[PDB]
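Chains as they are written, first to last, in the numbering used here: chain A, 1 to 212; chain B, 1001 to 1212; chain C, 2001 to 2212; chain D, 3001 to 3212.
Protein chains: 4
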Amino acid sequence: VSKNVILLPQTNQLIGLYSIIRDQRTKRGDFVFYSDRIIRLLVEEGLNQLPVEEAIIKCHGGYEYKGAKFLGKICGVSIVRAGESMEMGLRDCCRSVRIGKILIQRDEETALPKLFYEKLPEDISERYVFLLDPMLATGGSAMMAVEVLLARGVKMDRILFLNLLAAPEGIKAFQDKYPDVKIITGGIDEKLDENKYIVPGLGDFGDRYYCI
Amino acid sequence: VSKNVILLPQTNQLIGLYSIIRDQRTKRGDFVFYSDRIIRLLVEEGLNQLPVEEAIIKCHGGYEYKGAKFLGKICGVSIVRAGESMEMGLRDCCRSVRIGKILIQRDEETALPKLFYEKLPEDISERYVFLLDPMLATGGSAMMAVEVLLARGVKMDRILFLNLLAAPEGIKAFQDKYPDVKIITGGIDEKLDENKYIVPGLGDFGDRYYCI
Amino acid sequence: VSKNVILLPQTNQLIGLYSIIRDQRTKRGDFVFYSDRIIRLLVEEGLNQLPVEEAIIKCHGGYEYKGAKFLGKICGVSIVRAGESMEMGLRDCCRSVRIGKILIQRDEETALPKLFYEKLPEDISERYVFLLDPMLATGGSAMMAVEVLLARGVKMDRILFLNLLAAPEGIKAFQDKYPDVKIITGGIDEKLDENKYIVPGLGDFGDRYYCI
Amino acid sequence: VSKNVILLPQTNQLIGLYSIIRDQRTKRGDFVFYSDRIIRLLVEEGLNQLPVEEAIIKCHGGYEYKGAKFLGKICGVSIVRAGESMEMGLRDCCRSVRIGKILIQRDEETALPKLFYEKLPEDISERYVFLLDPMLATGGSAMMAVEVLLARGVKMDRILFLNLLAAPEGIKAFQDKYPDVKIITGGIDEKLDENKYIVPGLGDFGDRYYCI
Ligand SMILES: O=c1ccn([C@@H]2O[C@H](COP(=O)(O)OP(=O)(O)OP(=O)(O)O)[C@@H](O)[C@H]2O)c(=O)[nH]1
Ligand SMILES: O=c1ccn([C@@H]2O[C@H](COP(=O)(O)OP(=O)(O)OP(=O)(O)O)[C@@H](O)[C@H]2O)c(=O)[nH]1
Ligand SMILES: O=c1ccn([C@@H]2O[C@H](COP(=O)(O)OP(=O)(O)OP(=O)(O)O)[C@@H](O)[C@H]2O)c(=O)[nH]1
Ligand SMILES: O=c1ccn([C@@H]2O[C@H](COP(=O)(O)OP(=O)(O)OP(=O)(O)O)[C@@H](O)[C@H]2O)c(=O)[nH]1
């Protein structure tokens, strides 16, 4: 696996878990539940990248524990309607965490990125940012969204891109443009299909999470 | 660490997380939230012990994925009122999982274990059992509860004891009596205090989770 | 309906909702989900009994709203293992609310109530107390638990007993002994069976929520 | 209150609850928690509008209960990024419910509504639709979204618009255009401000829920 691509440990349990959401017979309730469990694993892996400092912790009864304090401020940012699914996993790990939104698409007439919606913390330049997109297929949207974050002052080495599954094409595209962004993914699949879906993939993540 | 004691990886993030719940200044809302996050980490580690089989998974679009199917049926069993806190973490990982209850105490007059309450799945003898007790201090209650499970036909090597923190005294006592039970813990602390609390510990887990 | 018995409004939706959990074909996942939704309705009805004071609320932009502030401190107390199910509904309505536990049974030899476990807020005498027991059949356990609360200084008119279903026998027994305790219930059924289950009822609430 | 405007009962508890989220001193954690509790109240009120049929329910032990079955299929549809907050409340009441998305804005050049994103159930024409937008200020977005639903075959009298707060201006605009859509709201405030925020309102719902 390439530099700055962090793959969840491919345990027997993780493969069994991914097998549930991949299986085309898995219905929406189970698809949502188990996707949410995977999303929490991605968030935990991404949080393992953040810095800490040693700290003495006072425990009840007058005892001291040699512990640690978190040094990173965090927020999540979702980018397509499908990334919204990931917000709950993030908020189950990071209490009341801030979550922003970037909705950005190539302008059909000028072929340049164009922003449809933005909501970000006012101090986002001082934060680590978990970019939330469940499927890294081509990486088109995620690359446009990172450019917005960088324009808003976010440090390149404080952006972590969480996704359930990635294709090699998207990893390559994204890393060619943003080689210091860490990609946290739960699986790297084979290729894309002609509609740019990941293969073997899991069908349409957003449709399965929300509608079908 | 001894045989059949499985310690969560002691990452910077995990130490920072434990430091929140240990800190005597952490109030109930934060104590509950972050304990719940730790409990989910314990459940995920325990689930990594369960068996799988390879399985071809059919994915949308006619693709096949070489995946896996879970082979273990599971349930959780909590044992003191404090273990009840752990039920939500288990049910966030294992959809609608069965959860039993064993309330058992030494008879003050005969000094022999006496059962106050029991509710277990009718097929518990065919299941893996996550025994839920947040603090492994002396291990007294957990040992009595395991004896009940074994009397009900549960296989010794299908019992996994999840706890947030353990003392050496409790690990030794428990493993001397049930050496094939796996203990999944998030930290092993120094010793016990004269009221049999873990040191440095985190005060009274149940009081902090529920009442104070 | 008698004095101090507060019945949830028997809307078409509520009957449809109760019909899901009553139906013997409803499996555990659906039974848990819909019971939890009902439990939240019971908590909301019970919270409607608590006092408020008028208060001017400052809203963003320099506006004032004639609002209100809650005057009651609250906690929940569950009493049989089955009441534990209700804790999550209470904590989805009252953020990080304190929850106590009373486990009390008649002494088989002396026929007098005997306490197996107690954990209550140190200031419980100053709180409203939601007593949590899903089924008010005979009311035996709930009556013993109320006596403990009153011994601990809880005001009689600050105890609210939440239950999903009640039998007339239990309402009568409980109200004969504690006529100033409000009973909040979602349905009053016909009678008890010879094993003291409510009829037509919903089978064994605890078994269905947890084990079967 | 006008025809087809359904106001949550303005209980002491509801006013106390709204006072928490209105208060400009309420921080994000409390704002999210209590908004979510209100959103569930809106969903329950909206569900009370849906049809049922009488049904005999078989209960354990051979008993029959004269109950009811739901006749409406449902989905939610959110419309601005702020409506996404409401999805969790809906999914806590309606198990695994389908949720769609309509992102639609007036074309700046042609002044005609233009669709940026749509994801709806394939059978949405057969469903009741909970339109989710936390603040009914001008109603501009909600009116454009309803037109999309009607174009997709949704029945006018199966659309229910859930919002936490409404201004008279938005109620009037929306009802002038769609008089058979039911509006379920938790409060009707005084007027709009020059940036079209509700007064006295609660500031910027989306900013407070997510970012600030
Ligand atoms: O590495 C980390 C960093 C942070 N966190 C957790 O993420 C949560 C958000 O951590 P933040 O430090 O970003 O808080 P915030 O700025 O949004 O908070 P306020 O100003 O609104 O008070 C915090 O509870 C923290 O413990 C982790 O879990 N791991
Ligand atoms: O290793 C495992 C095993 C099981 N599980 C998950 O635990 C859940 C419970 O798995 P069980 O296999 O114990 O289901 P059950 O017997 O209680 O189910 P019913 O008979 O009521 O239908 C299942 O959704 C499974 O996917 C894991 O997550 N990991
Ligand atoms: O009528 C009420 C009263 C209280 N509540 C809600 O119940 C929650 C608990 O309200 P409490 O007032 O009991 O708080 P507490 O004493 O346990 O809090 P700390 O001392 O630990 O700080 C509070 O967030 C309150 O808003 C209601 O929702 N309705
Ligand atoms: O009035 C109602 C109607 C429905 N509901 C609840 O909303 C949930 C969704 O009810 P639906 O009937 O819309 O289910 P669905 O079509 O999406 O289900 P599948 O085809 O995927 O199997 C169901 O569990 C129902 O009980 C209510 O709570 N109240």
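Don't be surprised by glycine CBs; every beta carbon is placed ideally from N, CA and C.
> Taking C-alpha atoms, which residue in A:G61, A:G16, A:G100 lies nearest to B:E1194?
Replying inline: Of the candidates A:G61, A:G16, A:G100, the one whose C-alpha sits nearest the C-alpha of B:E1194 is A:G61.
>> I believe C:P2121 touches C:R2098 by the beta-carbon criterion, under 8 Å. Please report the beta-carbon distance rounded to the nearest angstrom.
In response: 5 Å
> Using a C-beta to C-beta distance shorter than 7 Å, which residues of chain F count as neighbours of A:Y117?
Replying inline: No chain F is present in this structure, whose protein chains are A, B, C and D.
>> At the 9 Å Cβ level, is D:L3131 part of the contact set with chain C, yes or no?
In response: no
> Can you tell which of C:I2015, C:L2162, C:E2126, C:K2191 has its C-alpha closest to the C-alpha of D:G3067?
Replying inline: C:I2015
> So does D:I3038 have its beta carbon nearer than 8 Å to some heavy atom of ligand 3?
Replying inline: no
> List, in order along the chain, the chain A residues whose C-beta lies closer than 8 Å to that of D:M3088?
Replying inline: Those within 8 Å of D:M3088 in chain A are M88.
> Between A:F31 and the rest of its own chain, which residues show a CB-CB distance below 7 Å, the 5 nearest in sequence each way excluded?
Replying inline: Around A:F31: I21, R208, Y209.
> Buried or exposed: which applies to B:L1071, given that a residue is buried once 16 or more other Cβ atoms fall within 10 Å of its Cβ?
Replying inline: exposed
> Going by the beta-carbon positions, is the gap between C:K2073 and C:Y2128 smaller than 9 Å?
Replying inline: yes
>> At the 9 Å Cβ level, is A:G67 part of the contact set with chain B, yes or no?
In response: yes
> Taking all protein chains shown into account, do 16 or more other C-beta atoms lie within 10 angstroms of the C-beta of D:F3116, making it buried, or fewer, making it exposed?
Replying inline: exposed
> When the distance is taken between beta carbons, is B:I1124 closer than 9 Å to B:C1075?
Replying inline: yes
> Looking at the unbroken alpha helix (DSSP H) that takes in D:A3142, where does it start and where does it end?
Replying inline: 3140-3151
> On the three-state DSSP scale, how would you describe residue 1221 of chain B?
Replying inline: Because chain B here runs from 1001 to 1212, residue 1221 of chain B falls outside it and cannot be looked at.
> Going along the chain, which residues of the region 1038-1062 of chain B sit with their C-beta nearer than 8 Å to a C-beta in chain A?
Replying inline: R1040, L1041, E1044, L1047, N1048, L1050, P1051, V1052, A1055, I1057, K1058, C1059, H1060, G1061
>> When you measure from the CB of B:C1094 to every non-hydrogen atom of ligand 2, does any distance come out below 8 Å?
In response: yes
> Between the region 1181-1203 of chain B and chain A, which residues of the former have a C-beta closer than 8 Å to a C-beta of the latter?
Replying inline: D1193, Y1197, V1199, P1200, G1201, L1202, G1203
> Between residue 3213 of chain D and the rest of its own chain, which residues show a CB-CB distance below 8 Å, the 5 nearest in sequence each way excluded?
Replying inline: As shown, chain D starts at 3001 and ends at 3212. That puts residue 3213 of chain D outside it, with no answer to give.
> Taking DSSP as the reference, what is the three-state secondary structure of C:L2131?
Replying inline: Of the three classes helix, strand and coil, the one that applies to C:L2131 here is strand, per DSSP.
>> Between which residues of its own chain and A:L112 is the CB-CB distance below 8 Å, once the five residues before and five after are set aside?
In response: Contacts found: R106.
> What are the boundary residues of the alpha helix (DSSP H) that D:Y3018 is part of?
Replying inline: Residues 3012-3022.
> Are there 16 or more other CB atoms within 10 angstroms of the CB of A:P51, so buried, or fewer, so exposed?
Replying inline: exposed
> Could you check where the alpha helix (DSSP H) with B:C1093 kicks off and where it finishes?
Replying inline: DSSP places B:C1093 in the uninterrupted alpha helix (DSSP H) bounded by 1087-1093.
> So, is the C-beta of B:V1154 closer than 9 Å to a C-beta in chain C?
Replying inline: no
> Quick one: is C:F2033 near chain D, going by C-beta distance under 9 Å?
Replying inline: yes
> According to the Cβ coordinates, are D:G3140 and D:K3119 closer than 9 Å?
Replying inline: no
> Between the region 3006-3018 of chain D and chain C, which residues of the former have CB atoms less than 8 Å from a CB of the latter, in chain order?
Replying inline: Along the region 3006-3018 of chain D, the positions whose C-beta sits under 8 Å from a C-beta of chain C are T3011, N3012, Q3013, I3015, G3016, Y3018, read in chain order.
>> Can you tell me which residues form a DSSP beta bridge with C:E2084?
In response: None, per the DSSP bridge assignment.
>> For ligand 4, I want to know if A:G203 counts as a neighbour, meaning its beta carbon is within less than 8 Å of at least one of the ligand's heavy atoms.
In response: no
> Count the other CB atoms within 10 Å of the CB of C:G2153; is the residue buried (16 or more) or exposed (fewer)?
Replying inline: exposed
> Are any of the Cβ atoms in chain C nearer than 9 Å to that of D:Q3024?
Replying inline: yes
> Are the C-beta of C:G2029 and some C-beta of chain B separated by less than 9 Å?
Replying inline: yes
> Leaving out five residues before and five after B:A1151 in sequence, what residues of the same chain have Cβ atoms less than 8 Å from its Cβ?
Replying inline: none
>> If we define contact as Cβ-Cβ less than 9 Å, is A:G140 a contact residue for chain D?
In response: No, no contact with chain D.
> What in chain B is Cβ-close to C:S2125, meaning under 7 Å?
Replying inline: Chain B residues near C:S2125: none, gap ~14 Å exceeds 7 Å.
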